[PDB]
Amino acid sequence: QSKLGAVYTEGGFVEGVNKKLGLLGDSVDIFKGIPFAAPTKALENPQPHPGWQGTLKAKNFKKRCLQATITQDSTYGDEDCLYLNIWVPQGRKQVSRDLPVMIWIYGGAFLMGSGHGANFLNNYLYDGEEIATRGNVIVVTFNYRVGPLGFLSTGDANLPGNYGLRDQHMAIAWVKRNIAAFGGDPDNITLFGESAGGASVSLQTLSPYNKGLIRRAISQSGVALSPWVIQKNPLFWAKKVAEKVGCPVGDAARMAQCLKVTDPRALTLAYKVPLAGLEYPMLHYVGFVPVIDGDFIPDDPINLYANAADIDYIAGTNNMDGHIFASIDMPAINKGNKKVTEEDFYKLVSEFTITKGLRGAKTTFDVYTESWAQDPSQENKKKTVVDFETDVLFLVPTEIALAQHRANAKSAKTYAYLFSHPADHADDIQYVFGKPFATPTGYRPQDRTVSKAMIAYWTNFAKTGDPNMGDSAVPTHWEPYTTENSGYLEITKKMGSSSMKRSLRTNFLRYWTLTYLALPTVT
């Protein structure tokens, strides 16, 4: 009477686990390993999963999709990987009904990842329990295909790409059809995700495939407009894989069929991103990622924002988001006794600005090093390299997406945030998922303060489209973003009325969107 029991889904009955919480009757129903699509075929679109007899025991996480290990030496996962997981919070009087539903999409550069995430202190990163119970929402996590098996493409109908995006869409569609049986409101689905998962969230809101399926969305440190998201030259990367695995490269149709019958582990390990040193910046080796296929992604994403006109939207970034790519591109920023020089930074900047030639390199170098005259310290110079990568990879694309979403909004509300703290401790995921409460020995009181506020905003937003209005109190009134106010919430360990700010790095936003674009293209 206060828990779900066997749940009737379209494929048949599903039985999960009930976990009693606290002393006074609360609990949480946990389902792991519900199939939402058939066992996958290499480089083919996902298909419906056949129904089953009896009661499916949804007791354990299922295998992730076949992917390279972090050493890039071998693989793990399996072709049979399109499974999802559900947390349903339960009160002490009766079973929950009409709850907001939040669907998480993990990141990992479209190359790695699973629905449970990394395990640390006996706790999976994307364990939805804390969000679900603290926010009174349902949380869904799931697997999608990554790497070459998720995104290999010829740029044409022989191998159209975007298999992993279709996987995500199939999980969303399954949730819309089935989640009411678990106590969810299918008209109130919020997607949220980080990095590649935030770009995926963005792409799902822009795809006509999701018409009528999505109510709201949250992009964390990634949008469809980020430069690492759309592969402009997929045939080049498909040919690189073909050559490594022994497929001919003269005919696209012959190459595509050969790739489809190659050992999927060989496809997965065909290319390895060199650690160091690289000839180009890290951004250059972003390979197997979404493409404009004229189908799932019908056009350049900048042109698709009418599809999100009635999808409420949060988008934000982390203060130091670019530091991973910056550390690869300029290792000196790690070692305290190693200098970054004007010459090193010019070189990096010139790699990013090649299409506008010498002039574009200089104008960019000049604007980012303007402060180096008064402050030539290595602290300021290394911060400049990180801010540069953060701007071009995350912040500027996020600000353009916010402006595009606002300009196309009908009923949709738009919100912006900047997360500033103090894996790495500066990252937003662990606070969104409430890890400071799930493994409190690894965290300080101020961390639980931050996580409490983020879960309040996120789940208020899921419930109502208004991060300030819902089951939870918030520390700062989060004002909706407009072109006029260009406001963002700065999320930190102590928030108050001044945490609502405006015009984040607008001189740099204006440089990239007006000044740099006004420069003549060079060939």
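Take the two forms, find the largest set of C-alpha atoms that superpose within 1.5 Å, and that set is the rigid core. Numbering starts at 1 and runs along the sequence shown.
Larger root-mean-square CA separation from the shown form, computed after a rigid core fit of the structures in 5 other deposited structures of this protein, is seen for 348-356 when 348-356 is set against 72-80. When the other structures are laid on the shown form by the rigid core, the stretch among 241-249 and 367-375 with the greater C-alpha deviation in 5 other deposited structures of this protein turns out to be 367-375.
Modelling of residue 411 is complete across the other compared entries in which both of its neighbours are modelled; not even a third of them leave it out.
Across the other compared structures of the same protein with both neighbouring residues present, residue 120 lacks coordinates in at least a third. Unmodelled residues of the deposited sequence between neighbouring positions residue 422 and residue 423 number 10 or more.
As recorded in the PDB entry, 24-32 is the stretch of 24-32 and 473-481 with the greater mean C-alpha temperature factor.
Here the stretch with the larger average CA B-factor, out of 187-195 and 84-92, is 84-92. Taking the PDB entry at face value, the top CA B factor among 315, 201, 276, 109 belongs to 276. By the numbers in the PDB entry, the CA B factor is greatest at 280 among 209, 182, 365, 280. Ranked by Cα temperature factor within the chain, residue 157 sits in the highest third according to the deposited record.
Among the modelled residues of its chain, residue 141 has a C-alpha B-factor that falls in the lowest third according to the deposited record. Ranked within its chain, residue 227 lands in the middle third, by CA B factor from the PDB record. Remark: residue 334 belongs to the highest third of its chain, ranked by C-alpha B-factor as recorded.
Ranked against the other modelled residues of its chain, the C-alpha B-factor of residue 455 as given in the entry falls in the lowest third.
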